[PDB]
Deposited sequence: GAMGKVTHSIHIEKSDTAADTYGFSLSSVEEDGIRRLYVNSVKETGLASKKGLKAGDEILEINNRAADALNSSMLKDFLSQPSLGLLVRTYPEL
């Protein structure tokens, strides 16, 4: 409903985090960007609070479990497909 979909790719050097958090809800499972650390990697790459996460590493949100999420979010690179409102 008036949103735009786009891809984000982030890499971490060699040991900080991506600087964001995600929230879940029950098309069954849906992932939203909960917070974005003002001075974090995700923020710099254009991730915004309230964005919906459609895919991580090419896998749909509803197909991701906690183990996969934890693994993917801790890897040295991360791909996201996100739906966001233009500013």
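ask   = Could you give the ranges of the deposited sequence that carry no C-alpha coordinates?
value = Residues lacking C-alpha coordinates: 1-2, 17-18, 31-32, 94.
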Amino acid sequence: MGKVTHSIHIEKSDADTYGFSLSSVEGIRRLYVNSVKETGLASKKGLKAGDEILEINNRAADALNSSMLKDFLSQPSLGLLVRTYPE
From here on, numbers count along this sequence of modelled residues.
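task = Please confirm whether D16, modelled here, goes without coordinates in at least one third of the other compared entries that cover both its neighbours.
result = Yes, left without coordinates in at least a third.
key: Gap at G27 across at least one third of the other PDB entries   = Residue status for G27: gap in at least one third of the other entries.
task = Could you check which stretch, 45-53 or 30-38, carries the larger mean CA temperature factor in the entry?
result = Per the PDB record, 30-38.
ask   = Higher mean Cα B-factor in the deposited model: 72-80 or 16-24?
value = Per the PDB record, 16-24.
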